[PDB]
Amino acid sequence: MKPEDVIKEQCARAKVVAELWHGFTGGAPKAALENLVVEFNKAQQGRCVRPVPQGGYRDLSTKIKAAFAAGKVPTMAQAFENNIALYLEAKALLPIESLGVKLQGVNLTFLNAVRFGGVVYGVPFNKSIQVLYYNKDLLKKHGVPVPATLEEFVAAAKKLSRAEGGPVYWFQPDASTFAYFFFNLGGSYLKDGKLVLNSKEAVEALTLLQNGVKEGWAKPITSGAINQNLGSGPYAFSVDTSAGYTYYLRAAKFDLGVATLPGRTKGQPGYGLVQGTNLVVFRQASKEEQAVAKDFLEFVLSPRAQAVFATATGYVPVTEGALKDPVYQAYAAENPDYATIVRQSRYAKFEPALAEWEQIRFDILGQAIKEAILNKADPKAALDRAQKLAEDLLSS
């Protein structure tokens, strides 16, 4: 008997039901969310949260847009920073601090990301950071240290690919993988407030991936998650969301490693991309639904909920107090990867928080990356096209 059943039963008896629309399709993220809600719902009398799976994150924001057009929004939903920006155009979001939710002790990396015109409009919930996944067995077999620099990373991917007879750095040709190389070659998306997809660091980053494919050390993954492709050919490394941790653990037929990202120098790990979502509260919710949202958001920010959620998933605990919780401490003491994920969370960069950014990242930038990697499009030409399509979108 599944948590979503327990929850359906809880909400059946409840006087007030606050819907939480989410983008978790399964595995540990879905189960840890459902587990959190079952615990919250047991402490209420006649008050519940009902989680509603809307598919993936793209499906979720499409369904929220349709909810506005139909005039029936949930109480809460997951949202990226750029989704928050879009919902704020429609004035659709309640300021978090007005609900009475205390945000002292939320990591400033995550809080700064939800603050628009000095006003917090989201509660960091499931915040991920990119990490280096690696094959501990394969690096040991060839006496290869974990690479700490981009230079060591490329040298390691070449050495191991030559040794195993195939490309060992696995990557999706997408905006997220691109962000890692872009950021760590000195790139920035905003130049004097204008969005720039075709800067020389963008050309450099997309060139490095395309050269990695041509040179036989980088393997493009075109069908499924990297962790869904494991077992076909030699794997040494990938740069991927911390929220992949349970997926990689379940799939890997090798000893899985987690490290901090290779940086420009050993002075500091490389910057990871922050992904995952914040919880927003819709103004259209009733006072009674908003009160359930307030208690639910206080629960989600509690040290125990954060300790359980983050240790179940590989998401980053969003509060100072979660790291001081004995349940977090017990898992960390048993598993050095949790500390590795927290350490990487200190070296964190975000994509632009523009309303149009969801469209741009997948349909424009993402497509330019695929053109370059999959169809050998010239990197500059592919990014010049992306820039123009972005400029026309931002004009329209």
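In case it trips you up, residue 1 is the first one in the sequence shown, and so on.
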Tell me which of 95 to 103 and 123 to 131 has the higher mean C-alpha B-factor in the deposited entry. 95 to 103
Per the PDB entry, mean CA B-factor is higher for 139 to 147 or 267 to 275, namely for 139 to 147
Note to self: of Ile341, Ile360, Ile369, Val52, the C-alpha temperature factor tops out at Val52
Within this chain's modelled residues, let me know which third the CA B factor of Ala348 belongs to: lowest, middle or highest. lowest
Thinking about Cα B factors across the chain, which third does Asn198 belong to? middle
Which third, lowest, middle or highest, does the C-alpha temperature factor of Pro303 belong to within its own chain? lowest
Among the modelled residues of this chain, does the Cα B factor of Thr319 put it in the lowest, middle or highest third? lowest
Using only modelled residues of the chain, where does the Cα B factor of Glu81 rank: lowest third, middle third or highest third? middle
